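Presented below is the structure to which this report refers.
Here the Cβ is made from the backbone with ideal geometry for all residues, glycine too, and neighbour counts use every protein chain on show. No lab work stands behind these numbers, since they all come straight from the coordinates.
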Amino acid sequence: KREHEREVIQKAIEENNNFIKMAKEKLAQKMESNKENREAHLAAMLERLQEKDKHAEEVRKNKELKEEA
Amino acid sequence: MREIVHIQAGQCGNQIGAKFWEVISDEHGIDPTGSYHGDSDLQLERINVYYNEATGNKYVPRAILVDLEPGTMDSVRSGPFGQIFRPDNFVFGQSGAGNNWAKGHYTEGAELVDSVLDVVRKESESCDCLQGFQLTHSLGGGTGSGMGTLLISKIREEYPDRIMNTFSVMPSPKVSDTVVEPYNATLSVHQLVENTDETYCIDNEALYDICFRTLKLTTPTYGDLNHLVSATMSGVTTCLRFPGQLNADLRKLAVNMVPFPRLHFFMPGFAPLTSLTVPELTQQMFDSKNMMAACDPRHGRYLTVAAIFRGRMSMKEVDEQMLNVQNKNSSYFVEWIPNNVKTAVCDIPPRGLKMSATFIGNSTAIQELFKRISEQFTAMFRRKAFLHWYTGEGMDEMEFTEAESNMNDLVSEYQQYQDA
Ligand SMILES: Nc1nc2c(ncn2[C@@H]2O[C@H](COP(=O)(O)OP(=O)(O)O)[C@@H](O)[C@H]2O)c(=O)[nH]1
Ligand SMILES: [Ca+2]
Ligand SMILES: [Mg+2]
């Protein structure tokens, strides 16, 4: 009976620790995924804007080559 | 066979235990300061069964007060006879047991139980010849039920040749604090079947009904219930506490009352209960309305009975009336245990009464009580309702299945002797 009493309490401890560990890991995974996702969204936006700068340069270059006529 | 060590556990256990000590203290002439002021030598002759002596002719209850929260014991300590207890014998935690047998038996209670055993050991050590232990508790809560039965197991391990006796309050939906009472009581009953010699079964429904139907109390309080329990516990311990020939110690009582080791659950009764002659006392003590397990004695058979009469009365008439009960209702006493009713008489009556009688019956009808609890258990367990409170403390469902089976087995063993 004493052996059983010991098993019950160590079970209780193990499940509480496992609940904590799982919560901690899930939250870490979520915050990492979210960070990566938001950063990628920002990077995509800046990439598009930077393409526009590229295009603007191209336009001004094109004007200058047609004024060499 | 001299000293008894008393333990009271949890809210119910402590509230009824406090009242018990007030009542027998008064009977033995002990005042709240532990001083004796009685006028009869009968009062002191066996006082050592329940009290230690201290310097200055002081008497101190051999009592240990246990709880997993401080509230009820703070109240006891503030009560009428509160200062009579040994201060070192209050053993308590802070976290409570949440009406949860698992918390009492496996987690919260496990953390406190060694310190309770230390006090038990200290009391036992100063006993010339320890008879055994008496525990007061309820089966429906967490501390008295879970921790109380944990204590019983550890006490048996350490004192395996001593008698264990309990006054065990059985829950009822009509007088209930929470819905998990049937789970706590089922888990406990299996512990009691194995680890007690004698258990007085006190049904809160019976107490309530006596207060309301008989005493005409329109709205009974736990205090009103506890007055009945007090009076009953005084009556059933009379033979241990005063000079006498019959059932004068816990083992002799067990040998007279328990013909098969598991069938040790008794229905107690008290008379009078009124809103008095020997005949009237005798009829009322055998009256189902005067018994405290909410089981109908006519639905079973008596294996054994102890009757205790108190007050100045004709022993001749007592003997005559007790014979009349057995001879006129002989079918309700099993024929294969000859002369199975024993009667004692004590000259000292309880407070406020000129005469009284107390009844202790080992009746197969007590199966009705275990059946009620079993039904209530199953109604919830079939849907695993409320089980998260227990699994959260590390228990698994299989332990519930086993307790339920154990109690159904007990019910079956009673029924077998009912048809014997
Ligand atoms: N007769 C009686 N029953 C009580 C009292 N207090 C609680 N109960 C009953 O005891 C059970 C609840 O257990 P309780 O002793 O309060 O829980 P614990 O402190 O965890 O042991 C229920 O069945 C209640 O009806 C009391 O003072 N007298
Ligand atoms: Ca703790
Ligand atoms: Mg309570």
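Brief remarks on what is shown
- Residues being of a type in the set (A, V, I, L, M) and either within 16 Å of ligand 2 (Cβ to nearest atom) or within 14 Å of chain A (Cβ to nearest Cβ) (or both) - total across the range B:161-192: 1
- Single unsatisfied condition, residue A:8 versus (1) more than 14 Å from chain B (Cβ to nearest Cβ); (2) surrounded by 10 or more Cβ atoms within 10 Å (Cβ to Cβ): (1)
- All positions within the range B:342-379 that are touching an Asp or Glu at 6+ places or on another chain (Cβ under 8 Å) and small (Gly, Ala, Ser): B:365, B:374
- Just one of the listed residues (B:401, B:391) is under 29 Å from residue A:16 (Cβ atoms), within 14 Å of another protein chain (Cβ to nearest Cβ) and of a type in the set (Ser, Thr, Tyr), and it is B:391.
- Residue in the range B:275-290 that is closer than 20 Å to residue B:134 by Cα and either β-branched (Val, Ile, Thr) or part of a loop (DSSP other than H, G, I, E, B) (or both) present: no
- Taking the criterion of being within 12 Å of ligand 1 (Cβ to nearest atom) and more than 23 Å from the chain's Cα centre (by Cα), the only residue of the range B:99-120 that qualifies is B:108.
- Lone qualifier among B:96, B:38 - being surrounded by fewer than 23 Cβ atoms within 10 Å (Cβ to Cβ), part of a loop (DSSP other than H, G, I, E, B), more than 16 Å from ligand 1 (Cβ to nearest atom) and away from chain A (no Cβ under 14 Å): B:38
- A single member of A:3, A:15 is within 14 Å of chain B (Cβ to nearest Cβ) and in contact with a helix residue (DSSP H, G or I) (Cβ under 9 Å, 6 or more places away or on another chain), and it is A:15.
- Scanning the range B:350-395 for residues that are part of a helix (DSSP H, G or I) and among the charged types (D, E, K, R) yields B:368, B:371, B:372, B:375.
- Residues that are over 20 Å from the mean Cα position of the chain (by Cα) and part of a loop (DSSP other than H, G, I, E, B), drawn from the range B:293-312: B:300, B:301, B:312
- Among the residues listed as B:16, B:7, B:24, the single one being assigned to a strand (DSSP E or B) and either more than 16 Å from ligand 3 (Cβ to nearest atom) or not basic (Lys, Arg) (or both): B:7
- Filter result for residue B:60 (within 12 Å of ligand 1 (Cβ to nearest atom), β-branched (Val, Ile, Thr) and surrounded by 15 or more Cβ atoms within 10 Å (Cβ to Cβ)): no
- If you go through the range B:129-150 and pick out every residue that is touching a helix residue (DSSP H, G or I) at 6+ places or on another chain (Cβ under 6 Å) and farther than 21 Å from residue B:19 by Cβ, you end up with 7.
- Among the residues making up the range B:99-140, those that are touching an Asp or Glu at 6+ places or on another chain (Cβ under 7 Å), away from every other protein chain (no Cβ under 14 Å) and within 16 Å of ligand 3 (Cβ to nearest atom) are B:99, B:140.
- Subset tally (residues that are closer than 16 Å to residue B:355 by Cβ and among the charged types (D, E, K, R)) for the range B:255-286: 1
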